[PDB]
Amino acid sequence: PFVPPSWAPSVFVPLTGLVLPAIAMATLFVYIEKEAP
Amino acid sequence: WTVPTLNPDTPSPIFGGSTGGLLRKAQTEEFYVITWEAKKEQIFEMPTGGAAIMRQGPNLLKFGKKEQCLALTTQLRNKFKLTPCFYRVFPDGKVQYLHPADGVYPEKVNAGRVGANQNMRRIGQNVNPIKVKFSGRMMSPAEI
Amino acid sequence: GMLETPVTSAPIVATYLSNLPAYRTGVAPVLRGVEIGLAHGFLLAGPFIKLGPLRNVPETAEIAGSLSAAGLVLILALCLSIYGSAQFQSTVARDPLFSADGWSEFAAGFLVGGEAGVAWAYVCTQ
Amino acid sequence: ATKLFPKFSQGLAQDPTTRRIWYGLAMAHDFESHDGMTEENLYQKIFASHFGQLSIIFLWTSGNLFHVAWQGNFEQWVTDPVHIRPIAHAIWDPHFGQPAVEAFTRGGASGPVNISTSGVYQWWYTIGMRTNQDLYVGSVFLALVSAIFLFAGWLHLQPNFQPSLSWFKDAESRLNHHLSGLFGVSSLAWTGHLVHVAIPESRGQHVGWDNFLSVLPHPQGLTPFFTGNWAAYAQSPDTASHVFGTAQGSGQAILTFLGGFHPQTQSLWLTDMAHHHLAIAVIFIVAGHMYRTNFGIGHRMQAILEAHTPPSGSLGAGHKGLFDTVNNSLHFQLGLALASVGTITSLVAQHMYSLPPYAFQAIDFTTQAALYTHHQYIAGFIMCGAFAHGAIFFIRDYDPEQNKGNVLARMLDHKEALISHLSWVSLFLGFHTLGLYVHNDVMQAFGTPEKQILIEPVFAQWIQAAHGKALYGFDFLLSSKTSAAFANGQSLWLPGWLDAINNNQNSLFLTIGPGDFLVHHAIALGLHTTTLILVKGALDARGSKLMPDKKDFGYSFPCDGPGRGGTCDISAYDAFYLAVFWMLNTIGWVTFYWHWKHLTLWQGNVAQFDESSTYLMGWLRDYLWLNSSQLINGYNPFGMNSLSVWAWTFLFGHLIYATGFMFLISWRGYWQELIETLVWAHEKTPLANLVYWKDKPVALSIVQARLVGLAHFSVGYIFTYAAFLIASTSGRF
Amino acid sequence: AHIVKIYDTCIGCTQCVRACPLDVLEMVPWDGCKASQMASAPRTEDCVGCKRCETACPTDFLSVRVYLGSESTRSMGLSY
Amino acid sequence: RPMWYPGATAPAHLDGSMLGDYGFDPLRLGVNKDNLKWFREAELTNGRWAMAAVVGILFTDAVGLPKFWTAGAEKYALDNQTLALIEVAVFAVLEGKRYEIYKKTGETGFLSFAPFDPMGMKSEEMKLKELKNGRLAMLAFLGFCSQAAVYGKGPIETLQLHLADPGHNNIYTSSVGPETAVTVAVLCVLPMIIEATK
Ligand SMILES: CCCCCCCCCCCCCCCCCC(=O)OC[C@H](CO[C@@H]1O[C@H](CO[C@H]2O[C@H](CO)[C@H](O)[C@H](O)[C@H]2O)[C@H](O)[C@H](O)[C@H]1O)OC(=O)CCCCCCCCCCCCCCCCC
Ligand code: CLA
Ligand code: CLA
Ligand code: CLA
Ligand code: CLA
Ligand code: CLA
Ligand code: CLA
Ligand SMILES: CC1=C(/C=C/C(C)=C/C=C\C(C)=C\C=C\C=C(C)\C=C\C=C(C)\C=C\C2=C(C)CCCC2(C)C)C(C)(C)CCC1
Ligand code: SF4
Ligand SMILES: [Ca+2]
């Protein structure tokens, strides 16, 4: 059927908008400032 | 001629202070120290802003970059006809003499200087970038 | 060399700055983080409570404001953790706060103190 | 110390300022400038990047299909595609208040949704999609294809799977396979889908994977194809009373060339499109056997290029050595590909609005306007990129020793003549077009509209008459009933084509007048000026009188300093930079003309455009001021409606454009001094100096500033026009 | 660091050395001109890339060229 | 030394010094030596928490008490506001004492007791058994939550329903059937992908 639940946007929109970008920005920020050995 | 040695116990010109002085780079990376001899007390302009008074005799000053030291050197040489010299000081205490490197100013030719970065050809004789492509990194045809 | 003025050279302001937890230089970084977090969460709970989108509805304005302040404290804790990870990577006395372990403990203490301050500010309005 | 990022540049990794991050982000795809890069490694990285790009494209398509199948109204739109607006996807935003929630709740949905303007509903309906299950299956299939392409990209980088440099240079084999397989076989397969699924689904017969092996596309079943009686496939086509999606008025033919449009859907016949794809499939497959690969027969492109020099020496050496300078230069190939793709994108826009291929597409005014504007802007950007890569080829891959006396060297030999003539054409067009406009404006302002200069476009009207339009009265070729060209097509395709071209209610060869003449000259001015900037930057890329050794500094460099009078914006990158503004201006003029002519057409008053397009005041008042009333009223102190998002986007684009003007006008130095003062302020502030930066704050470089300003300018330009066009077309209709 | 190069068309006028604001160039003995001097760049690590030396060069074309290379604290002229 | 599939190879940083090593690190997150110890401690505490949670959930379904996903909504003989305050107050001191144990010793501990073992059966084999059981319990808890997400009811009820018709009652015949089937096929192809390149 592939139909997502009714609560799917209420969970995926906040995820993709705040949780995933925060994790991506934190990991990318740590990677950019990492010093080479 | 011999390379001079920095004297940390050298009087500095009369200056009330400013906000354009040294920053954290002087305490963590490096700074520069310029010294000169003045025949009399005279008011000069600081490269960082303001007017200071150089005293009769030795004068020592600190700057954040080499350009400030050379600007002060140019001002002292062209106006008061003095002969200043500067060094690069590291936080560990190492002192490196910078200008005039061989004791003679670079505008006048001096014996013993070995030419560096001199191409024995003209600009029009430079090869095309295709012959320099796929090198170790971004290289210009003038570098070869 | 530098410019000295009575604002930056008064002994009263120097003593006030030295009395702050950030300039203690000798206490545990986690305690410093707890103190700073409490002092920040208590003031942070105010704007979300009195100006948020649910500021007019009763019995839920304080709830929404406290939850928003808690989320902000969590974001600030994550910012402190990533700052410590990207700032201390290699190499008076040296303050232990400016170190990888010191800053990590400071960020954890800030998180605990901030959440406690938010929770205390919520019950203080009841 | 040395940072890890960027791993491809050791010089950038040693940069202690914030410029390291920006330059690492902007030089990530410049593989030729990476450390320790070889030719084989370069081609392998491009291969992997190509696979990743295909994966992204397929995932995006699957996402659109999934969202239309989940939150759309495709099952209801197919029943009434004239009075039902398509739905893009649902809206879930906690910032929406109650009025915004009921304002965006439209189209028959149970919540706030977005009305799609991409036209995928009409396209999917025409190709055979009817239910949400079909879109769901297509979305899953495209997601699997995307995952397969991503895995292929990862696999072609591992050992025992990396292609050699010789494999990437097999031009004959690649061209043969792209012409016969990627083009011909794909077109043949599309013909199979149209004949097997689209055509029977348009006649009310469901043909899916569960019954396509037991349903005949034609009642004669492959017998006329093998016996050569191909005309049997064109017998009994769809009549003029056929209802799309039902069997009422449907025929039995599968390959026709009736021409014109369907009387109900106002789109091209499905049988005609199937026949078109079959013919081009045969042509492309045949063309795929031209080059010699491994069987002795075929051609060698080097031989054809070397054997194409005029005997009198007008072209010098001709095309000698052109095979090596193209096969060994990726920028030359990229420039050729972008030039052809940009021209084809423009062709797609023109043919798609004039000859709508999808059912019920002409009635959707917002879809037509958005599609035309989208493809024209994409084409303009691609054209600018083609010329930019041509300049990059001249600097990085051009070798005068290998290209000695051929056409490529002769272009640079007389580059001054080309630039001067482009300058003369642009100057003439600009002076005269602006003069005629200002003259008409003064005549309209003084109350004497009969004194304005209105030159009739007799040449384009003559061409329109040659195509069959009898409005002008030339009466020749297809317009004359006694011509050989007219009588030779009266039994195959001329009836439908003539009926469609003589109809003034469609977009097939619209009636033109003096306003069309003037705006066409404005378009010519834009094209010539953009070409002048791009061509001049590509020809002067290797050097000029001001900078004789410009090729030694690369394609993009800030300047050569204030010496020799000043050398600001002297690189070829700066030429492309200045040309992007002209491209945006040209596409703005073409889209403004298209939107105004179609708005007056759809409103039923073409006389408004015919009488107000001859002066610029009519363009500013009757087109920009008049059509933006509903747009700016999306949200006002009395409330808001569903059009408030376009008003917000309108102001958003204006803000981005104005923000771009900052990076465009103010330059580095001022900002660097200001940043130094900020550095001092942070270092001397208690309770804040305990937190220090890892990268030294510096102002953006000159090249970076230009790029950032142009990006903001383009983003604001695009968003502003998109919001205005969609809001005006949707609100009016 | 930036790349500073001297070419054989130099006439030894010493104008580029006097115009350098960070003491990057100098004069060395030579025999290819009447002045018997030639410009040199032995301290390119301190070059900022202001191109004042190119502005001060009177030969056509220039005898001294500055190609902007890698950026560091010294090349960017940062006092912080 | 068995690996995570028949024929794997350690990624040069999982030689086998750590207990329960199988050379499983495709994302290479344990490339740093300092991060390997912290990740190991995190794995051990996550496993212990999952072990206790799984045993608690399995015990609640046998007696007949409310479901694990609805036990919070039940009204107890306390206030939820006071429960959260006490929970974070006790755990602050408990986690602070546990963190100081890892910095001095390197393993877990309770309060001021770093090697917490009143009985004394702290052996090398017992440490690996804890890790294996913790990993199994982590997967079991994920299975509990996933089964309650699509089927609801309960873990014991799910096992009882699977015995009624094993060929017709499974994850493939549920609402997440095609996704898990495609994922299983991709996973089965994965060892061949790694072995083909190497
Ligand atoms: C959706 C997909 C995209 C998503 C984007 C998402 C987020 C945004 C991401 C990033 C934002 C921008 C970040 C980079 C800003 C510019 C920084 C920069 O370094 O900028 C400078 C870069 C780098 O230049 C390189 O700089 C190099 C610097 O080398 C120096 O340093 C080197 C390393 O040490 C060597 O030492 C070398 O010798 C030395 O000279 C060389 O000079 C190279 O020749 C030179 O090419 O230049 C360049 O511009 C390179 C970029 C080329 C762009 C070309 C297209 C321009 C299009 C404009 C119009 C846009 C319209 C958008 C429309 C939208 C509608 C909705
Ligand atoms: C490129 C295609 C594409 C695009 C542009 C969108 C866009 C959107 N989706 Mg969607 N989605 C897609 C594909 C896409 N989706 C596919 C293929 C699926 C099937 C698995 C889904 C399943 C899905 C659900 C269930 C929901 C959305 C929702 C949404 C909306 C909220 C924002 C969001 O991202 O939620 C999250 C989107 C996802 C979690 C799907 C991403 C899954 C793919 C496989 C990963 C893509 C990785 C990406 C390409 C990498 C680049 C990102 C970054 C690192 C640069 C938004 C309009 C929500 C909504 O409807 O709001 C009303 C919502 O509930 N999407
Ligand atoms: C793209 C994703 C996204 C999402 C999902 C949200 C979601 C939300 N925003 Mg936000 N916002 C975003 C992007 C987003 N925003 C961006 C890009 C900007 C900058 C332009 C803003 C600027 C903005 C402002 C200025 C405000 C919001 C507010 C809100 C909240 C609405 C208040 C409400 O009516 O509910 C009710 C609110 C509650 C019941 C309280 C919930 C408190 C938080 C959300 C829960 C606990 C936090 C969580 C545990 C930790 C999350 C951190 C995570 C990243 C690790 C809501 C939860 C308002 C707000 O914060 O409310 C005070 C508000 O003032 N947003
Ligand atoms: C019959 C065999 C065959 C086939 C099918 C392909 C197919 C492909 N090759 Mg390949 N190749 C082959 C043989 C083949 N190759 C051989 C033998 C060699 C060795 C000599 C190569 C070497 C090679 C290289 C080096 C590369 C490719 C690449 C590609 C991909 C190009 C991506 C693309 O542009 O999209 C598809 C293009 C089309 C479908 C044609 C579009 C026609 C016009 C432009 C559009 C008009 C159509 C219509 C109007 C629009 C549709 C409307 C609506 C649906 C929206 C593509 C999938 C590139 C790649 O790797 O990508 C991963 C690439 O770098 N190939
Ligand atoms: C098949 C298409 C294609 C391909 C493969 C390339 C490939 C390449 N180009 Mg090219 N180009 C193209 C088309 C293409 N281009 C087009 C269409 C244009 C016109 C716009 C250009 C104009 C162009 C120029 C002027 C230059 C290149 C350069 C390059 C080379 C490396 C630069 C790079 O990509 O780094 C990475 C690229 C970026 C990081 C781009 C920055 C982000 C842009 C500005 C998008 C911003 C959009 C914005 C975020 C939208 C937000 C809106 C929303 C938030 C509201 C590379 C080989 C450069 C070069 O050769 O080096 C000397 C060079 O200077 N290109
Ligand atoms: C409305 C703004 C505007 C205007 C009028 C122009 C006009 C022109 N641009 Mg230009 N351009 C613009 C914006 C503009 N640009 C912007 C924003 C950019 C991006 C930075 C560019 C970048 C650009 C480039 C890179 C190039 C041009 C070129 C040209 C010239 C093209 C030749 C032509 O069309 O002849 C017609 C002449 C005109 C339209 C000028 C107006 C004539 C006036 C109105 C008549 C005199 C008035 C009256 C008799 C006397 C009044 C004076 C008073 C003080 C007494 C032309 C002068 C190209 C060029 O130089 O071609 C050779 C060139 O290469 N432009
Ligand atoms: C509309 C375009 C535009 C904008 C937005 C700005 C903005 C700014 N200019 Mg500027 N300027 C412009 C045009 C513009 N300028 C042009 C065309 C020129 C050329 C003449 C200049 C020349 C110029 C100079 C010479 C100077 C400035 C300065 C400044 C800064 C002043 C500080 C301030 O206003 O505080 C606040 C910032 C704003 C009001 C900008 C809008 C910010 C929005 C409202 C906030 C949105 C936040 C949101 C939550 C972000 C979330 C995003 C999400 C994706 C996460 C400011 C950022 C001065 C400066 O350096 O600062 C002291 C300065 O000296 N400008
Ligand atoms: C710089 C450079 C370059 C170049 C580029 C380009 C070249 C661009 C452009 C351009 C373009 C974009 C073009 C196009 C074109 C077109 C054409 C040339 C055409 C045509 C036509 C015809 C021939 C037609 C005919 C007809 C008609 C009239 C109608 C009907 C049909 C028919 C067919 C009959 C490169 C990269 C290479 C490299 C080097 C450098
Ligand atoms: S300015 Fe030019 S000619 Fe004069 S010394 Fe310097 S390099 Fe030689
Ligand atoms: Ca069907």
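To find a chain, count down the sequence lines: A is the first, B the second, and so on, and within it residues start at 1.
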Verify, without hydrogens or angle tests, whether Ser174(F) (side chain) and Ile171(F) (backbone) share a donor-acceptor contact under 3.5 angstrom. yes
Is it true that atom NZ of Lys696(D) has more than 12 heavy atoms of other residues, nucleotides or ligands lying nearer than 6.0 Å? yes
How far apart are the closest heavy atoms of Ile36(C) and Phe110(C), and which atoms are they? CG2-CD1, 4.2 Å
So, do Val140(D) and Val182(F) sit near enough that their side-chain heavy atoms are less than 4.5 Å apart? no
Contact summary for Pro94(D) and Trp92(D), nearest pair of heavy atoms: CD-CZ3, 3.7 Å
Would you please name every residue forming a salt bridge (charged side-chain N to carboxylate O under 4.0 Å, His left out) with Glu35(A), sequence neighbours left out? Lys694(D)
Closest approach of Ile49(C) and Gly65(C), non-hydrogen atoms and distance? CG1-CA, 3.6 Å
Just jot down the side-chain contact (heavy atoms from CB on, under 4.5 Å) partners of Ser68(C), sequence neighbours excluded, or say none. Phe48(C)
Residue pairs, two or more places apart or on separate chains, that pass salt bridge (charged side-chain N to carboxylate O under 4.0 Å, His left out) and touch residues 11-21 of chain F: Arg1(F)-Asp21(F)
Would you say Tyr172(F) and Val184(F) make side-chain contact, with heavy atoms under 4.5 Å? yes
Could you tell me whether a side-chain N or O of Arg40(F) sits under 3.5 Å from a main-chain N or O of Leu19(F), the two making a donor and an acceptor? yes
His682(D) vs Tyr692(D) aromatic rings, parallel, tilted or perpendicular, using cut-offs 30° and 60°? tilted
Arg135(F) side chain to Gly20(F) backbone, donor-acceptor under 3.5 Å: yes
Return the CG to CG distance between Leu131(F) and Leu136(F), rounded to the nearest 0.5 Å. 11.0 Å
Which residue pairs pass the side-chain hydrogen bond (donor to acceptor under 3.5 Å, both in side chains) test when at least one of the two sits in residues 157-171 of chain F, sequence neighbours left out? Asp165(F)-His168(F), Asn170(F)-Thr173(F)
Can you measure from CE (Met25(A)) to CG (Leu78(C)) and round to the nearest 0.5 angstrom? 9.5 Å
Those residues at least two apart in sequence (or on a different chain) that pass side-chain hydrogen bond (donor to acceptor under 3.5 Å, both in side chains) with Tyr151(F) are none
Please give me the minimum heavy-atom distance between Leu111(F) and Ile101(F), naming the atom from each residue. O-CD1, 3.4 Å
In Å, rounded to the nearest 0.5 Å, how long is the span from SG of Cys79(C) to CG of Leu74(C)? 10.0 Å
Using the six-membered ring wherever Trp is involved, compare the ring planes of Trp49(F) and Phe91(F) and label them parallel, tilted or perpendicular (cut-offs 30° and 60°). perpendicular
Is a side-chain N or O of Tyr122(C) found less than 3.5 angstrom from the main chain of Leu67(C), in a donor-acceptor match? no
With a cut-off of 6.0 Å (strictly less than), are more than 12 heavy atoms of other residues, nucleotides or ligands near CZ of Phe110(F)? no
With sequence neighbours left out, write down each residue that passes side-chain hydrogen bond (donor to acceptor under 3.5 Å, both in side chains) with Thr27(A), or none if nothing qualifies. none
Nearest non-hydrogen partners of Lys97(F) and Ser112(F), listed with the distance: CD-N, 4.2 Å
Please assess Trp154(D) against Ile193(F) for the test side chain to side chain contact (heavy atoms under 4.5 Å, CB included), listing each intermediate value before the final yes or no. CA-CA 11 Å; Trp154(D) 172 91; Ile193(F) 301 308; 3.6 Å; yes
Can you name the salt bridge (charged side-chain N to carboxylate O under 4.0 Å, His left out) partners of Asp95(C), sequence neighbours left out? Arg32(C)
Does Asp101(C) offer a backbone N or O that forms a donor-acceptor pair with the side chain of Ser104(C) under 3.5 Å? yes
What is the distance from atom CD of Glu87(F) to atom CG of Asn80(F), rounded to the nearest 0.5 Å? 11.0 Å
In terms of the angle between their ring planes, are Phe106(C) and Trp103(C) parallel, tilted or perpendicular, with boundaries placed at 30° and 60°? tilted
Does a side-chain heavy-atom distance below 4.5 Å link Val92(C) with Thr25(C)? no
Mind checking the OG-CZ spacing from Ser146(F) to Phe141(F)? Nearest 0.5 Å is all I need. 11.5 Å
Give a yes or no on whether the ring-centroid distance for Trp38(F) and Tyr102(F) is below 6.0 angstrom. yes
Looking at residues at least two apart in the chain, or sitting in another chain, which of them share a salt bridge (charged side-chain N to carboxylate O under 4.0 Å, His left out) with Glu124(F)? none
Is it true that a side-chain atom of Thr180(F) and a backbone atom of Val176(F) form a donor plus acceptor pair closer than 3.5 Å? no
Under the criterion side chain to side chain contact (heavy atoms under 4.5 Å, CB included), I'd like the reasoning laid out for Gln81(F) against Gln126(C): C-alpha separation, chi angles, the key distance, then a yes or no. CA-CA 13 Å; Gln81(F) 293 147 344; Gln126(C) 298 298 109; over 6 Å; no
Note, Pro4(A) side chain near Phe12(A) side chain (heavy atom, < 4.5 Å): no
Where at least one partner belongs to residues 64-74 of chain F, residue pairs that pass side-chain hydrogen bond (donor to acceptor under 3.5 Å, both in side chains), sequence neighbours excluded: none
With sequence neighbours excluded, what pairs up with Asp695(D) under the side-chain hydrogen bond (donor to acceptor under 3.5 Å, both in side chains) test? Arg20(D)
Hey, does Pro178(F) have a side-chain heavy atom less than 4.5 Å from the side chain of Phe2(A)? yes
Inter-residue atom distance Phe149(D).CZ - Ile56(D).CD1, 0.5 Å rounding: 13.0 Å
Taking the side chain as everything from C-beta on, heavy atoms only, tell me whether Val88(F) gets closer than 4.5 Å to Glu115(C). no
Is there a donor-acceptor pair under 3.5 Å between the side chain of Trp4(F) and the backbone N or O of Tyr22(F)? no
Within a reach of under 6.0 Å around CH2 of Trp70(D), are more than 12 heavy atoms found that belong to other residues, nucleotides or ligands? yes
Not counting sequence neighbours, which residues clear side-chain hydrogen bond (donor to acceptor under 3.5 Å, both in side chains) with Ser146(D)? List them please. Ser55(D)
Quick one: are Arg98(F) and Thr45(F) in side-chain contact, heavy atoms under 4.5 Å? yes
What is the minimum heavy-atom distance between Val73(C) and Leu111(C), and which atoms define it? CG1-O, 4.1 Å
Looking at side-chain heavy atoms only, is the closest gap between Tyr5(F) and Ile194(F) below 4.5 Å? yes
Could you check whether atom CD of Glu59(C) has more than 12 heavy atoms from other residues, nucleotides or ligands sitting under 6.0 Å from it? no
Salt bridge (charged side-chain N to carboxylate O under 4.0 Å, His left out) against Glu41(F), all qualifying residues, sequence neighbours excluded: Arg48(F)
